[PDB]
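Student: Contents of structure_18.txt (compact mmCIF, C-alpha atoms) are given next:
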# COMPACT_ATOMS: atom_id res chain seq x y z
CA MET A 1 177.31 91.07 94.74
CA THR A 2 176.93 89.38 91.36
CA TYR A 3 175.40 91.50 88.57
CA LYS A 4 174.13 90.61 85.14
CA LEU A 5 174.29 92.49 81.91
CA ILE A 6 171.81 91.85 79.10
CA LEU A 7 173.24 93.21 75.82
CA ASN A 8 170.79 93.95 73.00
CA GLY A 9 173.08 95.54 70.47
CA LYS A 10 172.75 95.43 66.71
CA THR A 11 175.74 93.10 66.36
CA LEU A 12 176.32 91.61 69.83
CA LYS A 13 173.64 90.03 71.92
CA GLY A 14 173.98 88.01 75.03
CA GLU A 15 174.30 87.83 78.75
CA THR A 16 177.22 88.10 81.12
CA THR A 17 177.66 88.73 84.82
CA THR A 18 180.19 90.51 87.04
CA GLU A 19 181.13 90.60 90.72
CA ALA A 20 181.26 94.09 92.24
CA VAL A 21 180.95 95.92 95.62
CA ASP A 22 178.00 97.94 94.52
CA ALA A 23 175.96 98.80 91.46
CA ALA A 24 177.97 102.01 90.67
CA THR A 25 181.06 99.94 90.28
CA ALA A 26 179.32 97.18 88.20
CA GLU A 27 177.91 99.95 85.99
CA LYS A 28 181.49 101.20 85.23
CA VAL A 29 182.80 97.70 84.50
CA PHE A 30 179.87 96.88 82.19
CA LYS A 31 179.96 100.20 80.34
CA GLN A 32 183.60 99.64 79.68
CA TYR A 33 182.80 96.05 78.61
CA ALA A 34 180.12 97.37 76.21
CA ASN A 35 182.41 100.06 74.98
CA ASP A 36 185.25 97.67 74.19
CA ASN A 37 182.84 95.51 72.19
CA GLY A 38 181.50 98.32 70.00
CA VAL A 39 178.16 98.68 71.80
CA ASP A 40 176.63 102.11 72.31
CA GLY A 41 173.02 102.10 73.49
CA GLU A 42 170.47 103.02 76.16
CA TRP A 43 170.92 101.57 79.63
CA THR A 44 168.63 100.64 82.48
CA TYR A 45 169.46 99.09 85.82
CA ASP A 46 166.98 97.04 87.88
CA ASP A 47 168.08 96.63 91.41
CA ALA A 48 165.28 94.19 92.10
CA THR A 49 167.07 91.68 89.90
CA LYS A 50 170.53 93.29 89.94
CA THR A 51 170.32 93.56 86.14
CA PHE A 52 171.71 96.08 83.68
CA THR A 53 170.59 96.12 80.09
CA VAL A 54 172.10 98.09 77.16
CA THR A 55 170.11 98.45 73.95
CA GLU A 56 171.09 99.94 70.59
When written as structure tokens, how does the structure in this file appear?
Tutor:
Amino acid sequence: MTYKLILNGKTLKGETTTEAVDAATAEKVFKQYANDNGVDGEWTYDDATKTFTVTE
């Protein structure tokens, strides 16, 4: 499945997507993505749209 990540950080804002077997795996990939880009916020995941959002 293809997942999307909406990043609302203080410095970085945008949208990307990832391909993953399930949401638990996309969540790991995205968190690492966020982490590597200096983002540290609150997360939500909406299965109805397959979207993750991180917000600082």
Student: For residue 34 in chain A, work out the shell of residues within 10 Å, counting all atoms listed in the file and skipping chain neighbours fewer than 3 positions away, then give it as a list in words.
Tutor: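 Contacts, with the query itself left out: residues 5, 7, 9, 12, 28, 29, 30, 31, 37, 38, 39, 40, 41 and 54 of chain A.
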Student: Write out, as a PDB file, in the frame of the given file, the residues just selected, with C-alpha atoms.
Tutor:
ATOM      1  CA  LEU A   5     174.290  92.490  81.910  1.00  0.00           C
ATOM      2  CA  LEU A   7     173.240  93.210  75.820  1.00  0.00           C
ATOM      3  CA  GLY A   9     173.080  95.540  70.470  1.00  0.00           C
ATOM      4  CA  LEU A  12     176.320  91.610  69.830  1.00  0.00           C
ATOM      5  CA  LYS A  28     181.490 101.200  85.230  1.00  0.00           C
ATOM      6  CA  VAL A  29     182.800  97.700  84.500  1.00  0.00           C
ATOM      7  CA  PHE A  30     179.870  96.880  82.190  1.00  0.00           C
ATOM      8  CA  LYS A  31     179.960 100.200  80.340  1.00  0.00           C
ATOM      9  CA  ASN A  37     182.840  95.510  72.190  1.00  0.00           C
ATOM     10  CA  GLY A  38     181.500  98.320  70.000  1.00  0.00           C
ATOM     11  CA  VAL A  39     178.160  98.680  71.800  1.00  0.00           C
ATOM     12  CA  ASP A  40     176.630 102.110  72.310  1.00  0.00           C
ATOM     13  CA  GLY A  41     173.020 102.100  73.490  1.00  0.00           C
ATOM     14  CA  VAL A  54     172.100  98.090  77.160  1.00  0.00           C
TER      15      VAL A  54
END
Student: Which value, in Å to one decimal, gives the distance between CA of residue 25 in chain A and CA of residue 11 in chain A?
Tutor: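 Value for the CA of residue 25 in chain A-CA of residue 11 in chain A distance: 25.4 Å.
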Student: When you count only C-alpha atoms, which of these residues is closest to residue 48 in chain A: A:18, A:8, A:33, A:3?
Tutor: A:3
Student: Work out how far CA of residue 10 in chain A is from CA of residue 22 in chain A, in Å to one decimal.
Tutor: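 Rounded to one decimal, the two atoms are 28.4 Å apart.
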Student: If I take CA of residue 35 in chain A and CA of residue 1 in chain A, how far is one from the other in Å, to one decimal?
Tutor: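 These atoms are spaced 22.3 Å apart.
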Student: Name the residues in contact with residue 51 in chain A at a cut-off of 10 Å, using all atoms listed in the file, excluding same-chain residues fewer than 5 positions from it; report them as a list in words.
Tutor: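 Near residue 51 in chain A, the qualifying residues are residues 2, 3, 4, 5, 6, 17, 23, 26, 27, 44, 45 and 46 of chain A.
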Student: Which neighbours of residue 43 in chain A fall inside 8 Å, counting only C-alpha atoms, when residues of the same chain fewer than 5 positions from it are skipped, and could you give them as a PyMOL selection string?
Tutor: chain A and resi 52-55
